[PDB]
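Peer 1: Sharing a structure below in structure tokens format, with a few things to ask.
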Amino acid sequence: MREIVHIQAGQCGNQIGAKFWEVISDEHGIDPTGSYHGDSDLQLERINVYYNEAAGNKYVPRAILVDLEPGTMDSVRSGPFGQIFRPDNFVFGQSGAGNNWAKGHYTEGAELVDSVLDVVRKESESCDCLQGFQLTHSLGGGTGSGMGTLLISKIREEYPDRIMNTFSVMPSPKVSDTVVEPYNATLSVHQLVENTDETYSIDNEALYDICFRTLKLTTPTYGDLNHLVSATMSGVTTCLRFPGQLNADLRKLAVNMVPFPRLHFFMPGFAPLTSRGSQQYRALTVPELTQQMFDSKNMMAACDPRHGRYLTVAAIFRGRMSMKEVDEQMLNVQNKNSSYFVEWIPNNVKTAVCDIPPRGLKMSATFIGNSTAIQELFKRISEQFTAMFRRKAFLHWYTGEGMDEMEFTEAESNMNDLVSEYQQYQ
Amino acid sequence: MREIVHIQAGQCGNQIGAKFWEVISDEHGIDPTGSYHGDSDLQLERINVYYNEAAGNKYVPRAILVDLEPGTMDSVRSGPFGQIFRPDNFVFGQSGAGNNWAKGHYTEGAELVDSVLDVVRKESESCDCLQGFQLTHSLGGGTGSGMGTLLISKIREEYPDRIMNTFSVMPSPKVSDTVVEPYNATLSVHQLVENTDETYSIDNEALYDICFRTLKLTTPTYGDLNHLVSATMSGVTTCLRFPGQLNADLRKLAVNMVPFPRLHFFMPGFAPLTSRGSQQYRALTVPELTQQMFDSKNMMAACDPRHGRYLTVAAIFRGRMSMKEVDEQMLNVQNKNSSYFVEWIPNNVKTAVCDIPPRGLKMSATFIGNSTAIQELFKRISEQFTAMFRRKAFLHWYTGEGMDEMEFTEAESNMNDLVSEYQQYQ
Amino acid sequence: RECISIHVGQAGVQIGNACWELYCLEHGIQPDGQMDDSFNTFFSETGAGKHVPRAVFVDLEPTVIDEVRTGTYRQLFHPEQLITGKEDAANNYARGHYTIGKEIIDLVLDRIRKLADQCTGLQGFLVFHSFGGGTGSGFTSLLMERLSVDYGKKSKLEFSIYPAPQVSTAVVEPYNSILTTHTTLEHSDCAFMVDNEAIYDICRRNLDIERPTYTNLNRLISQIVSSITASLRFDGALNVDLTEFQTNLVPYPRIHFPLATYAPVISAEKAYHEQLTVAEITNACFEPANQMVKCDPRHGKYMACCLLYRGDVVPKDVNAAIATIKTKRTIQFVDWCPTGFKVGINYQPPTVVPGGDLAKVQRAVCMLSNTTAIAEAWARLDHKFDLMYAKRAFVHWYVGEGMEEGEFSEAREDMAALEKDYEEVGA
Amino acid sequence: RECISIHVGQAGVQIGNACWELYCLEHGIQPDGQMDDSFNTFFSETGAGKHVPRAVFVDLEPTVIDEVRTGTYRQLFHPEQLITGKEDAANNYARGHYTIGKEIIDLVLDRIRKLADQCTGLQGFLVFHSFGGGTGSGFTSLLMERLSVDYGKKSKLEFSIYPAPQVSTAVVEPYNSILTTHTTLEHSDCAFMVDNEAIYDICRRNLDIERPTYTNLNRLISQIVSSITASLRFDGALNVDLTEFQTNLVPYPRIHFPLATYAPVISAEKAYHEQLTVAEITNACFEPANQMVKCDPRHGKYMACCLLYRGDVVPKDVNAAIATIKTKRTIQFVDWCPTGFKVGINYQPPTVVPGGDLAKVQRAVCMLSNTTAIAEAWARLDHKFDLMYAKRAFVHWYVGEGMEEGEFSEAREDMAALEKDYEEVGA
Ligand SMILES: Nc1nc2c(ncn2[C@@H]2O[C@H](COP(=O)(O)CP(=O)(O)OP(=O)(O)O)[C@@H](O)[C@H]2O)c(=O)[nH]1
Ligand SMILES: Nc1nc2c(ncn2[C@@H]2O[C@H](COP(=O)(O)CP(=O)(O)OP(=O)(O)O)[C@@H](O)[C@H]2O)c(=O)[nH]1
Ligand SMILES: Nc1nc2c(ncn2[C@@H]2O[C@H](COP(=O)(O)OP(=O)(O)OP(=O)(O)O)[C@@H](O)[C@H]2O)c(=O)[nH]1
Ligand SMILES: Nc1nc2c(ncn2[C@@H]2O[C@H](COP(=O)(O)OP(=O)(O)OP(=O)(O)O)[C@@H](O)[C@H]2O)c(=O)[nH]1
């Protein structure tokens with residue numbers, strides 16, 4: 001019943017996916033080995049949506065891990081929940097992509113796509129009815145940006161009716177850990193904009209600003225950012241994972257959030273986020289949660305939403321709360337900031353609720369926003385790509401795999417079309 | 001059950017035969033006196049293939065030694081394992097051949113053939129079923145090249161169905177310790193090519209190059225070369241001497257290695273061969289063994305195999321090993337060097353394995369190759385023969401025993417036919 | 001209801017030694033020879049509290065017979081059943097068929113005749129051999145000719161090992177195969193073929209054995225040949241006897257060349273992680289790389305299929321499995337047999353050897369499928385044979401045994417007729 | 001994931017002897033040769049409890065090979081790996097490339113080929129040499145030409161020592177450098193250059209070594225070449241493989257000349273008094289006098305930069321460090337690559353030799369930077385070459401080896417083309 005296929009590609013992709021599996025396993029009450037030890041029957045009522053039943057009351061996740069180096073597979077296998085994953089799903093090559101989109105999309109991608117296609121086909125055949133394909137990858141680097149895009153294209157060809165959901169991390173000008181990162185982003189967005197139905201755009205500097213501002217952590221590592229993004233990844237999928245008074249599945253939120261096929265790059269968010277020492281001095285009531293949802297600094301993107309206008313937003317709550325309070329809070333939010341919402345839609349807000357919050361919190365929520373503010377992050381990457389491309393810099397490696405400059409020109413034209421599309425409705 | 005009749009002729013022939021008996025006796029755990037002190041029952045399971053049971057749990061070898069001087073018999077009797085041999089088999093004349101083929105074939109050969117024929121007949125009658133006649137001799141010199149050829153001819157007449165195996169050492173232009181050596185080689189090859197079924201061509205300079213390259217021995221005597229050739233002599237006969245997952249007897253390897261009756265001059269090889277001070281820094285795994293088997297410098301012949309093409313090769317392994325690894329190693333060997341294998345045969349490789357390796361080594365192998373590269377070593381001896389023969393040099397001694405120049409002309413024509421035969425299939 | 005299992009050659013005797021341990025462990029017989037109707041098919045009763053198999057191991061060389069005698073399963077087998085010759089076959093069909101065979105077939109025929117006379121419910125025979133070598137081709141053809149002329153109507157299950165395309169053990173294998181198949185075409189009721197590289201790959205990719213051996217290869221082969229007769233051995237909801245493999249799977253008297261495969265194959269650590277149900281094993285058995293022969297089923301079509309399940313499996317789920325497999329359009333069946341499925345179930349589950357590579361699985365399936373994919377392999381074998389035949393390579397050994405080029409030409413044109421029949425029936 | 005490290009010349013073999021002790025101490029390998037995946041990149045496993053490196057030390061003269069054999073690291077290395085010639089190169093590119101090379105390259109190519117065949121995860125090769133002399137120029141060019149024609153696609157990391165402006169060890173160094181760079185321009189994927197006076201000054205001003213030696217110079221070079229591959233050797237939060245140095249740092253197929261530097265460099269007593277954080281080391285690595293080549297980066301611009309950190313360092317502080325370095329306007333980046341930073345981190349910290357000059361530091365960084373500052377050094381080298389070329393100085397030795405003035409002129413115009421390309425791309 002509405003099973004979900006999970007696929008993980010790239011270093012950051014498999015890391016955040018492993019953290020997502022860890023946190024949802026902790027929520028469901030699943031041991032690291034794979035046994036069930038939960039207290040509530042609702043956890044076992046919808047364990048089949050991700051985990052496959054196995055002998056001895058054991059549960060194995062419907063997870064596919066694909067990486068072009070053995071190191072990431074060794075790390076995630078040596079992690080706290082590495083043994084729960086299926087050993088058969090550990091498909092991997094030998095040579096890395098070397099931060100090249102062409103190597104990941106043409107040379108090694110062609111060699112590994114036939115190896116991963118039958119595996120995802122077997123996992124799709126195992127479940128009763130696949131709902132959608134959830135993926136995690138990075139526009140930066142070569143491995144994710146090539147292989148995940150090729151895998152998305154082949155799965156789109158194989159299942160042109162199912163939902164394609166992606167949680168994509170994309171670069172920033174203030175934090176950029178790769179020289180070929182604008183090129184990889186410009187090549188990957190051309191495939192993402194046409195194939196994928198849903199896309200959550202995540203920025204590393206946004207999470208760093210979150211951890212500086214509201215978490216106030218002293219030594220923030222990638223583990224904290226993985227837990228941060230896993231919160232929204234669980235928030236989006238809570239509706240099908242547990243019952244609620246107003247359920248909103250992936251297709252239900254997509255129909256509200258995707259007014260046009262191309263304008264499907266969202267701006268995820270999550271709250272409450274506070275330090276352990278400041279938890280006592282905060283009221284967790286729904287107005288103080290809702291103001292944090294719509295706070296400019298609380299979003300997981302570097303863009304300023306006040307510089308643009310929201311096309312449409314969605315709030316998925318968790319925990320027992322008053323529907324009248326949720327309704328009037330969203331009413332005053334959309335009313336007092338009418339300048340920041342587009343006038344050509346009467347109601348730019350979607351609401352959903354689940355009746356089982358995360359462990360350790362009484363109420364929580366996640367924010368998914370589609371707004372014109374993403375055009376800033378798009379156009380900065382576009383001009384960064386153009387400055388390097390206008391003298392044909394960093395292309396002699398790409399030409400080795402048969403890749404042409406016309407493909408880069410097409411990608412630049414697609415980026416121009418996308419930013420002009422976002423500028424049209426502003 | 002498949003007994004073997006061993007015959008030894010010439011100085012080098014009886015020396016390498018005595019070393020062969022020594023090493024196989026050490027492998028079987030046989031005392032120098034003749035008593036059995038082995039640990040494994042498999043050694044005694046097929047001790048009857050060579051040794052004859054005697055009273056007091058004593059074992060005597062089925063060895064015949066024949067030499068035209070008493071000195072070689074005295075030396076091999078005074079050797080470490082001289083006493084184990086039967087005193088009755090020590091048949092010998094008084095006068096030497098003086099490095100003359102005619103004296104060994106006509107004068108003293110006729111006098112000693114009747115003395116050795118009844119002895120080999122008695123040894124053939126003693127066993128239940130003779131398998132084949134294994135012989136060792138030298139093309140150089142007169143004694144071996146005449147008497148062994150005459151003995152081979154008479155045994156071929158007496159047993160036209162049994163296998164005739166020879167481990168023949170032949171000269172080289174860089175190392176030639178006899179003036180009448182091309183004449184003796186040209187006379188002996190005419191008898192070898194027609195009568196013998198199998199023939200392992202061995203070159204002294206090849207063994208010297210081995211001892212310089214891989215053994216790095218400071219003072220290499222003939223004893224090291226005897227141990228070197230004894231390794232391949234035991235390697236070929238291990239299959240009938242011990243069980244294996246894929247046994248290949250002498251007839252089994254002959255059927256694969258002899259595509260035509262005349263093209264039966266093989267190129268024996270053995271590995272691992274490494275110094276004692278460098279054994280710690282070399283892995284004995286089967287890929288590093290297999291590359292050493294097919295290495296150009298590792299073969300026991302002076303010919304460059306890369307200058308020609310293999311008609312067919314056979315690899316007899318010893319020790320526990322993975323058949324998949326052996327199969328894929330032979331696959332990539334025959335694939336990556338397809339130019340050096342004849343295209344008119346789909347598979348130019350034979351494989352066999354035994355489950356009991358030599359003592360002191362965990363795995364080992366022997367290589368038996370039939371290739372067109374032997375035509376180089378044939379034609380150099382042919383032109384060396386022709387340069388001396390065209391002025392009738394070194395023939396007034398040969399004419400004394402009734403030998404005519406028409407026989408030398410026939411031998412030269414046979415050599416021309418043999419080298420043209422090897423050139424046809426290149 | 002009995003059947004005698006004879007073995008020829010090194011491959012045959014090794015398969016017999018690897019499989020009879022599995023049979024005796026399944027029936028609970030200790031190796032000494034002692035501990036009601038389940039063991040009656042393959043084991044007799046020697047007076048009181050002792051058993052003996054209905055098998056004979058014949059080989060021309062004694063190197064396999066003496067080690068079988070001096071191994072660990074000494075008291076289980078009869079001393080006189082283990083037939084031994086005197087001379088090597090040497091990868092020679094003619095030498096294995098004419099010179100060395102004639103002095104031992106007189107004993108072998110009398111021995112099988114007298115050990116079959118005491119039996120009364122013999123359904124047929126199963127012969128283990130390998131046409132890729134000399135003994136398993138020559139002696140097998142020699143015995144099967146004079147067995148077909150004598151019995152004829154009784155069924156014969158052939159089990160042969162064939163060489164890979166890129167790998168080969170011998171060098172005269174295409175000569176041996178094309179010579180012996182000329183006789184195997186008319187006398188063999190059905191012959192299952194196995195490729196070495198396919199069974200090397202099946203334990204590499206799935207079982208995760210990086211350094212396998214022939215014992216590990218033969219263990220799953222023993223599991224297959226035990227699972228086909230498990231229906232006869234043990235009671236089942238829908239039993240299938242040995243005559244089903246003749247009647248249902250042989251649509252024509254000469255097109256009797258099915259491929260073989262098995263599922264699930266899984267290591268011990270992966271077994272506890274992967275769940276076992278009928279759907280995944282049914283999808284894997286029809287998977288092309290999961291077969292025991294290096295042939296592409298996608299290039300051809302399936303003519304017939306018999307599924308034989310073992311373990312606690314209901315009929316409903318396997319019916320749904322074959323239904324969804326039929327609706328799946330990746331595979332393609334021939335229009336001459338739309339109802340080309342024969343499902344059968346046995347309650348007795350698969351067993352596991354102590355210390356063996358295979359793991360405990362609650363259910364399993366064996367898939368013997370008649371298809372036209374073997375036509376490409378036969379054409380490949382003929383193509384590589386023709387290159388050596390044009391140069392008359394390795395012909396002097398055969399013609400020095402007693403044969404000529406006439407039966408070589410008859411073998412060539414018979415293989416051409418086989419290809420003609422296969423391309424005709426695949427239309 | 002492996003890589004083979006070959007060494008040529010006195011400088012190469014001395015650097016290898018100075019660095020493999022550091023590698024063995026890092027991996028815990030005693031000099032005798034005995035104590036899972038960390039050492040697999042550089043050391044093999046021979047049977048049980050013994051290792052051997054993936055390296056070869058080749059030199060025409062035997063004066064280095066015999067002392068390496070009779071030193072203290074005798075049992076660690078394979079005795080056959082240490083290749084030795086018969087004749088002196090004598091600071092002669094032609095003699096090292098043509099006369100003496102031809103009788104040992106046949107052995108060297110076969111040895112590297114057979115030791116690479118057993119390997120399967122080879123990422124590439126790294127060659128240690130020095131173009132300032134004869135052997136490290138001639139034999140290096142001879143081997144790299146016939147390695148590029150054979151393999152080609154595989155990566156090659158060149159490590160060269162170049163002369164200072166005011167100091168020079170030899171007198172024919174500009175002839176050797178300009179001759180060998182004509183071949184190094186097309187076949188070397190990337191080549192790190194080091195100057196003698198820069199590495200003399202780095203241990204003078206910071207490490208406070210008033211009287212250093214070549215061992216002290218080579219210790220930090222070994223630290224650098226171990227730290228670049230520490231990401232491959234040990235797990236990290238953001239690993240970088242050997243292909244990153246090809247893909248990210250080589251924007252054009254011929255502009256592949258980065259400079260190198262390292263931080264922190266500090267003595268034992270000063271280590272306890274100076275604090276270690278990312279900010280000061282990031283400021284010091286871009287400091288111009290802290291570089292390993294006597295070139296002014298202020299005169300030119302940085303084309304690309306890869307930072308590789310070792311030790312317990314989070315990503316956030318290094319991100320802030322590169323951010324403030326970008327905002328700092330003392331340095332200047334080229335407009336053709338605004339995203340000119342590639343940050344990577346390894347958890348395994350730097351090690352210290354017992355009794356070595358370097359001190360224990362909780363974190364460290366290596367900075368390989370592609371910049372146009374080397375254009376001035378190349379123009380200086382060509383300028384001093386032209387003065388001797390006009391007088392035909394030291395030409396009789398070369399023309400008495402087999403060469404002529406034609407390839408000298410081709411080397412001159414190729415260096416002119418290199419300067420043309422550098423001044424074109426620096427605009
Ligand atoms: N929030 C997190 N971001 C990460 C993490 N690891 C890397 N990254 C960021 O994502 C950027 C690129 O993503 P990847 O590390 O996966 C590069 P990829 O594996 O796809 O290619 P190759 O490693 O070259 O084969 C990278 O520069 C970081 O800014 C992480 O664990 N958490
Ligand atoms: N590998 C070995 N080669 C040997 C040995 N002894 C001799 N030879 C080589 O074989 C060549 C000729 O073989 P022989 O020594 O047997 C000469 P032969 O005894 O047959 O004739 P006469 O001694 O004149 O009666 C000889 O010139 C050597 O090159 C040996 O012990 N080992
Ligand atoms: N799959 C498999 N094949 C085997 C095994 N043992 C032998 N074979 C095959 O059997 C073939 C040769 O069969 P035979 O003619 O009987 O060889 P042999 O028993 O040694 O007979 P001779 O060489 O004539 O003495 C080889 O090419 C192998 O591929 C085995 O254990 N498993
Ligand atoms: N940094 C550094 N450079 C070195 C070292 N040893 C040698 N060199 C350099 O190497 C250059 C000469 O290289 P080679 O051609 O190999 O000199 P060589 O090994 O003596 O060869 P021949 O003189 O021809 O016998 C010198 O100019 C030095 O600057 C060293 O230990 N450290």
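Lettering and numbering for the structure tokens are positional, with chains as A, B, ... in the shown order, residues counted from 1 in each chain, and ligands counted from 1 in the shown order.
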Within 7 Å of residue 239 in chain B, counting only C-alpha atoms, which residues show up once you throw out same-chain ones fewer than 5 positions away? Write them as a PyMOL selection string, please.
Peer 2: chain B and resi 244+247-249+354
Peer 1: Please return, as a PyMOL selection string, all residues of chain D lying within 9 Å of chain B when only C-alpha atoms are considered.
Peer 2: chain D and resi 45-47+50-52+76-80+114-115+117-118
Peer 1: If you count only C-alpha atoms and all ligand atoms, which residues end up within 7 Å of ligand 2, as a PyMOL selection string?
Peer 2: chain B and resi 10-13+15-16+68-69+96-99+138+140-145+169+171+176-178+204+222-223+225-226
Peer 1: Counting only C-alpha atoms and all ligand atoms, which protein, DNA or RNA residues come within 7 Å of ligand 3, given as a ChimeraX atom specification?
Peer 2: /B:245-249,252 /C:9-11,14-15,61,88-92,130,132-136,161,163,168-170,196,214-215,217-218
Peer 1: Excluding residue 371 in chain A and any residue of its chain fewer than 4 positions from it, enumerate the residues within 8 Å of it, using only C-alpha atoms, and give them as an MDAnalysis selection string.
Peer 2: chainID A and resid 266:267 305 308:312
